[PDB]
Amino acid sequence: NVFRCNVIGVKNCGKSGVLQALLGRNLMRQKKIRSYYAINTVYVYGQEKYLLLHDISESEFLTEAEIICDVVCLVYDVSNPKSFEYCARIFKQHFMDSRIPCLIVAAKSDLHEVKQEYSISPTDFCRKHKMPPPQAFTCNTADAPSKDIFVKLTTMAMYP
């Protein structure tokens, strides 16, 4: 089965990097490339699934067409202290009452982590809203980026 995931975060938070990481391309190969969607096979419990990622550009609000999905990937940049505030805002605005599972991903984990300019820490925010702990991620690797978050996203997408 095919599952859809909306990747949401500020400009230059690493959304495009997440999509290309699904395609198995590290940051090194990405920067030598001149879509807002990405799909690949993801295996959960030995079974073949398809995960379709949607790059959602930073905006004031999301339309009903942008909201519908099987799982939401809230991406913030650990080197950008204003990145998580957007994720929290979008969540409360569209997904807090949607019964759609959300996963907060701390992208660019290879960089130095700074204090986010939000009243609630990303860790506390996840605990407050029954969400999994913030998932560390980076596509700036020697080999292909880890597909751990994609297995987890697909797993959550299989919720009824």
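One-based numbering along the sequence shown.
Peer 1: Comparing average C-alpha B factors as deposited, tell me which of 110-118 and 131-139 sits higher.
Peer 2: That would be 110-118.
Peer 1: Which is higher on average in the deposited entry, the C-alpha temperature factors of 24-32 or of 99-107?
Peer 2: Higher of the two, by average CA B-factor, is 24-32.
Peer 1: Going by the deposited entry, which of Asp55, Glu64, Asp124, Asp70 has the highest CA temperature factor?
Peer 2: Of the candidates given, the C-alpha B-factor peaks at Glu64.
Peer 1: Split the chain's modelled residues into thirds by Cα B-factor; is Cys13 in the lowest, middle or highest one?
Peer 2: Middle third of the chain for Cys13's C-alpha B-factor.
Peer 1: Comparing against every modelled residue in the chain, figure out the third that the C-alpha B-factor of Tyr45 lands in (lowest, middle or highest).
Peer 2: For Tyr45, the deposited C-alpha B-factor lands in the highest third.
Peer 1: So where's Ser79 on the chain's Cα temperature factor ranking, which third?
Peer 2: Tercile = highest for this residue's CA B-factor.
Peer 1: Please place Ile149 in the lowest, middle or highest third of its chain according to the CA B-factor in the PDB entry.
Peer 2: Tercile = lowest for this residue's CA B-factor.
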